[PDB]
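For reference, the chain that follows is the form deposited in one PDB entry, supplied as structure tokens.
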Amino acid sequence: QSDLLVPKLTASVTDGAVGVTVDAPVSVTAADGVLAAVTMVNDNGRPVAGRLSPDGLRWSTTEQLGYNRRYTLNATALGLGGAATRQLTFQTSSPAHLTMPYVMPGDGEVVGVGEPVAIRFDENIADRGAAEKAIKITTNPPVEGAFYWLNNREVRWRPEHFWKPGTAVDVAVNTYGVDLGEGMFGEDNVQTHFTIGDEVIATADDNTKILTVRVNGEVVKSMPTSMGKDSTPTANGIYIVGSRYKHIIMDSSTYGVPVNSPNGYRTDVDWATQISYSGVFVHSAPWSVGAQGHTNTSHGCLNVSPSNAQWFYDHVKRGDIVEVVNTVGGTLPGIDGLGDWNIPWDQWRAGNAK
């Protein structure tokens, strides 16, 4: 015989390891024995918080680990027949730069059926695929969706068709410890959750010059409107409702054209609901009430009466839809910022992660 079982120790890192990613906790496990002592400190001797399972078989760090750190791990395992100790030292990732993600809509919000998930970064993302792999989106009832990038810093996720009311969406951006390309690592994680509200779709038909608001299939409001003139027409397509303003100042000089010129004007506008990054609003237009419902006079915006503008402000929420049809203009760019739904699904599905 002359045989006795000796405790063994195994860990999620190896001694002398470099480039260890902080996207996972570090653990230590005991076999044929139990953990009698476990400690972990950084290069400065500062300890790391951990937790020991009741059976004493598993120890794991409970706080996220830092970059450019050198950690030292000590662990002793005692058993019915022997003991074993190990000291392991490893070096974590050394980023060249960090990037902080920003997600919308906000946590706990109720949004319309056109609202996509948006993850915006504060730096360029050289490895879009890694960014997509690190973003976990849960839908209930489950529905298919896909990623698509609007620029080098913001990516969007949405299903093929408009959301179904009552759908719960949970977004987990787990980019901490992930190399997003060229040494660009995630500064932190993000966790937001939102819900899909009632179906609200408003249709602006250039043939009738009417903006018709439908709530769950029923017409509830019919607004005379004056859209962009033949020289600066309103583009057809689908618009996602964005920010809403009791009032907002629309410049002109911000576009490079001086106000004191033929095609420039400065004005403060009431009851303005943004529906494109390019500057298209549903807003109060006292000056064109006579034209509304007849002819187009704006620069692109959907002019309506003051009372209808305030109504739109009060009855529309972020994510609702505005559809423009039968105008002399082209189609709203798919990567406008609020024109996601104008990209054919097959082109969106395929993505552009390269």
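Rigid core (definition): largest C-alpha set, two forms, superposition within 1.5 Å. When you see a residue number, it is the position in the sequence shown, counting from 1.
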| query | finding |
| --- | --- |
| Residue stretch of maximal mean CA temperature factor, 254-262 vs 186-194 | 254-262 |
| Stretch with the higher entry mean CA B-factor, where the candidates are 160-168 and 81-89 | 81-89 |
| Chain third (lowest, middle, highest) by recorded CA B-factor, residue given as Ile335 | lowest |
| Third assignment of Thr232 from its chain's C-alpha B-factors | highest |
| Lowest, middle or highest third - CA B-factor, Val20 | middle |
| Chain third (lowest, middle, highest) by recorded CA B-factor, residue given as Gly290 | highest |
| Third of the chain's Cα B-factor distribution that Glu132 belongs to, per the entry | lowest |
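Heads up, the form deposited in another entry isn't pictured, but that's what we're talking about next.
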query	finding
Flagged residue of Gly217, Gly108, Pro262, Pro141 - C-alpha shift reaching 2 Å or more between the shown form and the other one, core superposed	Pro262
Displaced residue check between the shown form and the other one: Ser252, CA, 2 Å or over, core reference	yes
